[PDB]
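First the structure, in the form of structure tokens, and then the observations on it.
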Amino acid sequence: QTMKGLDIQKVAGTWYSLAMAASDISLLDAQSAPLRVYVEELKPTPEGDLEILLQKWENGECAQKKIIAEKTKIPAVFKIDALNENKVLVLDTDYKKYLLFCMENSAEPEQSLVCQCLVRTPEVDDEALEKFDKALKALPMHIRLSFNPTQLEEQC
């Protein structure tokens, strides 16, 4: 269930991964889990696409990856070719503090679905988390994580 009337230019800026959940434990289990990725920045292009910058722990370092997400007919859905995923779905956002999204591989969402709650500032927003829990109440998540401000402000 996606966001209607998403205006992608309004999401430009820094965001922090406050919480994440996945359908399969192995997607997020351990710092090295595939899909254990922390958003740094959202950069909409003038043409309506989205560049998403992220931190991912690889060999001891905290690496940076840049995913290009292509727009589709639906403003809230994008196409990607990264992390074995092929779709980005924006669930909800008030632009000013939180944004909820999921990635998945359309071929097999059950082994693919990972969602995140993003916040603008490195603070824990209990409202954003509440919205996140509701949106996930219907989904098959087997692992959920939430970070504190200390972790929010460190690379990876």
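Here's how to read the names in the structure tokens: chain A, B, ... by the order shown, residue numbers from 1 in each chain, ligand numbers from 1 in the order shown.
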Neighbours of residue 80 in chain A within 6 Å (only C-alpha atoms; same-chain residues fewer than 6 positions away dropped), as a list in words?
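Surrounding residues, per the criterion: residues 69, 86 and 87 of chain A.
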Resulting file, chosen residues, C-alpha atoms, as a CSV table (one decimal), in the first residue's frame:
```csv
chain,number,residue,atom,x,y,z
A,69,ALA,CA,16.0,4.5,-8.7
A,86,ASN,CA,14.0,-4.5,-8.2
A,87,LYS,CA,11.4,-2.2,-6.6
```
Need to verify the contact set: residue 49 in chain A, 8 Å, only C-alpha atoms, exclusion of same-chain residues closer than 3 positions in sequence. Can you return it as a ChimeraX atom specification?
/A:8,44-46,68-71,78
Proximity to residue 3 in chain A - best of A:57, A:95, A:38, A:15, only C-alpha atoms:
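Ranking A:57, A:95, A:38, A:15 by distance to residue 3 in chain A, first place goes to A:95.
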Among listed residues A:29, A:61, A:41, A:92, nearest residue 145 in chain A (using only C-alpha atoms):
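Among A:29, A:61, A:41, A:92, it is A:29 that comes nearest to residue 145 in chain A.
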Please indicate the distance in Å from CA of residue 138 in chain A to CA of residue 34 in chain A, rounded to one decimal place.
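Interatomic distance here is 23.3 Å.
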What does the distance between CA of residue 65 in chain A and CA of residue 39 in chain A come to in Å, to one decimal place?
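Pair CA of residue 65 in chain A / CA of residue 39 in chain A returns 9.5 Å.
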Looking at A:76, A:131, A:35, A:120, which one is nearest to residue 104 in chain A, with distances taken over only C-alpha atoms?
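Looking only at the distances to residue 104 in chain A, the closest residue turns out to be A:35.
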